[PDB]
Amino acid sequence: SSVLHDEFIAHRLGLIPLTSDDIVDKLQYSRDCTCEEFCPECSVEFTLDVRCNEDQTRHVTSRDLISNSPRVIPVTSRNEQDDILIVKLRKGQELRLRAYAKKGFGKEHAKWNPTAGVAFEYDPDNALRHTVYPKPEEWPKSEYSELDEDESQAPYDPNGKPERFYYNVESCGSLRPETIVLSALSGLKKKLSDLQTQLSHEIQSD
Amino acid sequence: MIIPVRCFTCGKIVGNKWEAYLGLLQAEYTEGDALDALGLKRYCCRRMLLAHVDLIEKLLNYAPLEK
Amino acid sequence: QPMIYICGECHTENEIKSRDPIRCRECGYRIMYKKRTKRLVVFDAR
Amino acid sequence: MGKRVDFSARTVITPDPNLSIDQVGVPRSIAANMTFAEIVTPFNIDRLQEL
Amino acid sequence: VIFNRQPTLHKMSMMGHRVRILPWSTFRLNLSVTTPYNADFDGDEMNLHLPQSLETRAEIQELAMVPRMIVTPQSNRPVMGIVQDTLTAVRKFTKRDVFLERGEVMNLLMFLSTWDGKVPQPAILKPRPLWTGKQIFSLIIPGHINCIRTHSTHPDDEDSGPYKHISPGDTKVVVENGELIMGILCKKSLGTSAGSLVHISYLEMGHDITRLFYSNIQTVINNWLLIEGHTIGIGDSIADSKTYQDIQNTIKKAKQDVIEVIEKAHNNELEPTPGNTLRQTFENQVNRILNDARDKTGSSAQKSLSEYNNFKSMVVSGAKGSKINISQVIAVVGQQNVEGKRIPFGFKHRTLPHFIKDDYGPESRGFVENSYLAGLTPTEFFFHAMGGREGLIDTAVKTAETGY
Amino acid sequence: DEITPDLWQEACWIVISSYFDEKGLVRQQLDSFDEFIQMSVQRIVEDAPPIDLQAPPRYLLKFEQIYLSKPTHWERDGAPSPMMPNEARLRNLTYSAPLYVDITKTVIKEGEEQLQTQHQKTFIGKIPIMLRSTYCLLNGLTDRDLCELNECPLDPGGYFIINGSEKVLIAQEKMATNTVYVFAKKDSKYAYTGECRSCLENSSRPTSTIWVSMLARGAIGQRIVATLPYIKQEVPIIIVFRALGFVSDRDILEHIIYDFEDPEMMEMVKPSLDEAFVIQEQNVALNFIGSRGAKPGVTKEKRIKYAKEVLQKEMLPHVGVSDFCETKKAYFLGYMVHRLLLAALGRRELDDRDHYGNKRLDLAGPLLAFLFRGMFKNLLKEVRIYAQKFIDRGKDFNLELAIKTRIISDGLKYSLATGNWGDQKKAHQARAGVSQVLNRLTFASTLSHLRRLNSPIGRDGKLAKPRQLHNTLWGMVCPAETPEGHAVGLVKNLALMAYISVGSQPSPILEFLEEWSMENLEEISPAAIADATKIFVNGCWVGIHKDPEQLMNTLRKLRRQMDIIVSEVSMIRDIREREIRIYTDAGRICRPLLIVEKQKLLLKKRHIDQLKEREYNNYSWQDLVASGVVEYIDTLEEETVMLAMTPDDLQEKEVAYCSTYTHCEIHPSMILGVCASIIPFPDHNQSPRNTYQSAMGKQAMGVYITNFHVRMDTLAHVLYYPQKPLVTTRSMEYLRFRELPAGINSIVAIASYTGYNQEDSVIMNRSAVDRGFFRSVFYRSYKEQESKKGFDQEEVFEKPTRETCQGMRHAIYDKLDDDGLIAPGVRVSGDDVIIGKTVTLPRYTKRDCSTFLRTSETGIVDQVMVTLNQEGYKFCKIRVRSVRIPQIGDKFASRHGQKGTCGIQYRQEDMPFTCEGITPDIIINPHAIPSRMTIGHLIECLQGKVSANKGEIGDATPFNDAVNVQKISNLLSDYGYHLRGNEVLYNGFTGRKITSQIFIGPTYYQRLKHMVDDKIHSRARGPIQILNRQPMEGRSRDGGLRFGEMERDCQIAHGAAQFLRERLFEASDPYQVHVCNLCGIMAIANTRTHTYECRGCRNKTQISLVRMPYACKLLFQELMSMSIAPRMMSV
Amino acid sequence: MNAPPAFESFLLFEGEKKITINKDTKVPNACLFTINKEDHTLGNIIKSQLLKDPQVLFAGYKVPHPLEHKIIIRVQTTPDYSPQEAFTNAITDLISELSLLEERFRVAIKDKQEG
RNA sequence: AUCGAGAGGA
Ligand SMILES: [Mg+2]
Ligand SMILES: [Zn+2]
Ligand SMILES: [Zn+2]
Ligand SMILES: [Zn+2]
Ligand SMILES: [Zn+2]
């Protein structure tokens, strides 16, 4: 009975981050699960049931998303930062729903993206000249720069290659940032391993 | 109508910051200092909080369909 | 079978059969709304 | 002199650097609506039966 | 299929295309084939007609296919050429100081359909292997065509003095045996004019080879522009303090000149020229002064531009814009005209209630002495809106008469 | 005391805010309607003549008073209840109030047997009510009260609800009346023509135009003629003067030439005298007028009577229509001749047709008054016939049954419902385009539609002069907002502080002029008019004066003190020609301005102080006007005003420009309208770009109104996450764009990235779109009603069945309920059924007439409403909800004319990123900037970067010297960014830096109504039209695309004859006919029995089959209908 | 209406091969690897690792259409070597590099949390 | 469904 239609609430629930640290590796994709639509091996059940009976506006927040799995809960609800606001309700308005959370990654939808920004940089002093500043004096210095203030950019390195890449991986909350990096390395390595397996089948089949 | 959950650009959660942002503004913070207190350092998330219009508060001035 | 409607003004749940003038029994208001179905509609939160 | 015709479609145009100059990128719904009457022969009997 | 856009003005507004089924719900077009249709992607819609017989299909395939439509009989030149990003980028790519590394070169060669698989010997072997942009466009260029053109910035006094065949500015395009021996490619070399590379490709090589030439230029150049990048911002609209002072001095001198002409006319010290009344002669003198001011300020802005300026990049390549646009963005917007004359006295002997009566000065009658970056004053804003309304009316009223 | 420059930008905007707290944006509509109801209806009722009817007994039936109650609604039981506008919208009612008139019928037969019977409150009609007017139930309600009634507090009102449809009256331009305008047509028999559209103060007849022309040179000299109304032949002016009682030539030239020392005027009038010497007395001149007329009476007596009546009623009604006014009419016609001679002698300029001082805006009030005059006249006529047919029998009659109230009610309702402005019978003489459906797509579109003006020159006209932006539109009409299609310059929009005058009576002004030293026109001698100054009031020359300067000082003092002269009265002193023209009539567009003392504003700092505490001490705009600090100046009085653009102009300068200013702009940005006031930095764009944005702000998605949950609109788009712009102008505070914005601040990068944004296209971030970026919801309402019109056939909502219904499609009806209506929350795909309606037959005894979804929509039912319509059968509205996620082909626009469709969407890892991992929401092509010169886009992007990094809202008000690009760049360099808004970006695919540093930052983008899914269409052998068996027209009809004449010509040039035949014969309307080989006329074929015969030739063997288009067969048959014999000869 | 499901970028259709090897006939000892349901993420690393092999004469990749979800990697090697062998070794080297990077990131995290 | 009108798009 809230003022936001159903797809608004659904979209809004999809974007709430859920703690995924140790559970995401264990759960299966519903593609791979041998069950029906759902099961505890490939999904997590959430329930939300709020009714504004009192005169002040009721803030239906992520704290009202009750899970069957204690490990997978809304990040803000984890034991400061306030809870994500799902909808504001007026006296007499009511929201009752039943969600299921799945395993996915950011290629399918940004809600499965664990990062709240990935700062990536290399060659802070423009030594490789991969950028060409028309007026190098006008540009601020990188936080990773090692140059005296009179010097705007490093002397050009003809024999140089990009090395020393700087990262700042900010987490949306679902995974720890170091878990994001470790899971990224493992996922890239398994992509390459699967590619090599299929490569071997194609080579031997010829 | 309501504060978005994530920042459209980076995907940082801003849904839990609207109420805190308003509370800081009535605490006589400037909008910039308030956005700094909430940890919105990229101008995309500052855009999200600073340009938000809480229309849901006006939609809650109408009685619902059922009592 | 009942087709209970809600009043646009008094928000009263009242049953009205076919071939009946559309009138709320509590306040006589002439605009009524159907209630949300019981069927199961699914949303991908995307 | 001018008239309405069948087997026509219309939609917004969009850039595509990855088409050749003589190509047009068509939606699958326009192409699923529009049809071409292909004559059956022993050369195409199997393919047309598949379709 | 026949692909059509309205208004169907000439035979190139309905051309044959081969269908490529793709995910979303729009008609996806190549970017060279947009100029024949007069089509841009600001909500334009186009009509697809599917021939329903082998005879009509053969007809369209042998008569109306786009490669057969590259050269128009209207003006014996190409009707489609290289266009915005590909033209700015090919201009930047064929500059003399574009050096590609081995991995970049292989990346670009992945996007050549007509590539024999042989990596060319780099133009620079030591201290580090480097290919040039001309060396890769030579691979894009088909057959063994031969072509001489001149880049738009080619100085006119260079073909006389020395260095005629070794151009300091890398102008004077020369393609020999299908290799870009020298020169910066631009609108003059890849556009829709007569004798360009696309025209000579169509005349010497067939329409199929020319189709592949268009496609290969676009793919290779767009994938290189992913490295180079092209942009535009406030920094391209800005000029140095010296340029601003020169422009303001020019405008001040021009306004004093107009004041002098006004004082002469007021004192009857102005005599009419043959073929005009005194009012028309005064108007001619004032308009000449202000046009001279606009041109001088525009030249000042143009010379102030650096080689990194993106306005200058797009104007030089011919992709978009003109030197007058740069002058209006940097130097001065200039005189606003209604029906070919200065702003009329719509009030009683006034253009606006903010002026005195009988004020034939430049600002009173609609001279915008500001640039678009500087911003127009309210009266300049209204006069500019009047001048722009004239263009909107012309565009909306000429169509019926021209179509009839 | 004085407001210093450092405070000025606050003071002026404080003043502006006070204006919008007092007036609003739709004040002209409300004031027009209020004047129409308070005054115009009563004047129209009283100005009608009493209808005296007698066989004997007689009855007069005088109407004396009107009463307009509040809007009410009568049910079938007849109980009157107060009807709320939302109930009218939902139930398809008409938000109208009943008009009752007091009638007085006195019986007079003989012998002083008189007795009066008064019928108090006789229900004379129903008048639709403009919302938020004084007579609206939403009048004076608080925002809480409006929300209690399911109304938006931000809704401006200013429109009517007719049959549930919100209709807005467009102000109509017209040439002002009672004013002499001397023009010169290049191609005509006349050299100069002085016209005067004359109309009496309280309108009762159309405008009677009188022309006074001069015949073009080539008998001896130039002759002056006068084209009087109701006379089809030119008449010499001297004849007209003699017909008015001025026979002596001296008297006529006393009335025409006021300075006898001027022989030029004399010799130029002499030909007219020489042409009229045989006629020398009043009766003969009247006979001449009657003879030249189109009804020449055989007897001179009735000729003279007709000429008398014409010269007393139709000639110059504004001068006076009573008798003994011939002196005033003679003076005025002499003034017309004087003006014509001044134009012909070059002493006066020809009048400009385009000058808005010469124009009037016909608003809702004066337009409804035109309707009401016509309709009340028709009603009184019908009453006359009804009462006559009864008194002819010599018996009393009931006026309640004589008054058929449907005339006024149905007339006003029809005219506002259709827009055809006039009687329903004269549906072709009526002028359409008035009263359009209110645009509810976004709040800006609604405001602009409510502030819309119309120049009825005709779109077909290709003369650019009326389309040109005249100089006099300054401050009155937006220079930018205008449609760019076929109505460039004709459809206009009010500037923000523009106020259309509502009208006023000249009686107090005339009375004061009498008490003052003015001399009436009948009391003077003409010899005094030479040096004296004429005084016109609403076009009527009322007298003369001796010191016009101190008269103007007195009148300006009176108007600035809110004395007898009201604020909207215009008072123009033309000095070179000694007229003083005072105007009180309606339709005069004017604007407020700050009065200026010697060289100082009268707006001191105390006024700003009292305006700052506007909410405590109730010091409002009206107190500012009453203080003599602000003045409304109309277009015609601006000609006599010397404006200061800013108080900086009032400073003493090294060379003084004026030093004698009289007024000052409150702020120059008020020259813009509603949609142009949203453009940031519009003075840094090319003006066509500002016009295109002013058009495209109206298709932008947002929240068109707060109470959208209860409205059953046919089409509605609501944006999920509207944002206020980071870079805004100070005018949007009054447009309420901050409370109902129509866009999102997007991190836009102007770059060439992959080539998918070329030629006016954009690359959007798929990840941002996944997060709700520019997502919208599309609400579509379907209406249906079950009609019990008669026992022959009745419709009914009920779940159809396969065994009883006949025209039942194969689509499943399971989603419907037993009531026949789908339930909310049910997901419905294309071609699905939402209402099951069945109609009883004369597959038996009932046929299926169900309502399907508009094909290819795929929404969810948002809600279902059931009620009863006006007549009272069951009536259903179903709102279906479809979430529109932006995709390739959807149109987006910035506020600078920069429109484009989404070329492609890349995920966040595929988009280019800054060192701090910010990816652009949108990437637009740099080639869209240079030709367009939308530098406001770049300045807005840079200002928005500063605003987002600083935590403020950028000030992009047009003309602001405290904000330039260098300041913004210096501010941006303080937040660790390149001062010009560039950043090093990295390629998302490879991670390498892009060599060219990209220009990136927040810019306010808009999602426009034009989504590709509402435009994509295809056909392959669908339905065909009935008349010509060709494909239908439209997506909705599953129609085919038109292969037009130009396509035929293109394919002829191609030489593609078989493709041309396929398109124009085989893919459109293939057909076969049988032709007689002898007469070539279509024969009769019977293919079942194989008997072919031509009845004409009486043969049945020489028939031939011909394959021709059906349209060609239809053409040949329509030619045979015309007795033409198109014989298709096959040999 | 025409929106492909988002999983079609990652998931293989039934009967569709993850990788297909086609001999390039223009030059000797060259192959085209058409890899389905991958994008620049694997293409760029495989190409750049192949460029580190001195026996690789050409190594390039392209996404022929962004709306389509395949990549093509062209590899040419010296005659004594093979493009299939080069591609295999490139994947092996990338896997070993990522394993080492993962172990070293684990060690760095342990050091950072401990001290 | 037709017709007309209006509003829009390129
Ligand atoms: Mg277009
Ligand atoms: Zn499962
Ligand atoms: Zn962010
Ligand atoms: Zn009720
Ligand atoms: Zn015959």
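Quick note: numbers below take in every heavy atom, side chains included, and nothing from hydrogens, waters or symmetry partners. Protein chains get the first letters and strands the later ones, always in sequence-line order, with residue 1 at the start of each.
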What orientation do F/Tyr721 and A/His11 show, parallel under 30°, tilted 30 to 60°, or perpendicular over 60°? tilted
Drop me the distance from F/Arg907's CZ to A/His109's NE2, to the nearest 0.5 angstrom. 12.0 Å
Quick check for you: among F/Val883, F/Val718, F/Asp910, F/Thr914, which has the greatest number of heavy-atom pairs under 4.5 Å with chain A? F/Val883
Nearest 0.5 Å, please: how far is CD in F/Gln908 from NZ in A/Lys107? 15.0 Å
For residues 169-182 of chain A, the salt bridge (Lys or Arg N to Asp or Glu O under 4.0 Å) pairs (sequence neighbours left out) are A/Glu170-B/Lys12, A/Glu170-B/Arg42
Quick check for you: among A/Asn168, A/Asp6, A/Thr115, which has the greatest number of heavy-atom pairs under 4.5 Å with chain F? A/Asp6
What residues of residues 49-77 of chain A make heavy-atom contacts with chain F at a cutoff under 4.5 angstrom? none
Heavy-atom contacts under 4.5 Å, residues 124-136 of chain A to chain F: A/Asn126, A/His130, A/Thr131, A/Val132, A/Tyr133, A/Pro134
May I ask you to decide if the ring planes of A/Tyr122 and F/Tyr986 are parallel, tilted or perpendicular, using 30° and 60° as cut-offs? perpendicular
Within residues 739-751 of chain F, the residues sitting under 4.5 Å from chain A by heavy atom, in sequence order, are none
Report yes if the side chains of A/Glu138 and F/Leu979 come closer than 4.5 Å at any heavy-atom pair, otherwise no. yes
Find the one option among F/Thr995, F/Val769, F/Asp770 whose heavy-atom pairs under 4.5 Å with chain A are most numerous. F/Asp770
Salt bridge or not for F/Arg881 and A/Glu7, using N-O below 4.0 Å? yes
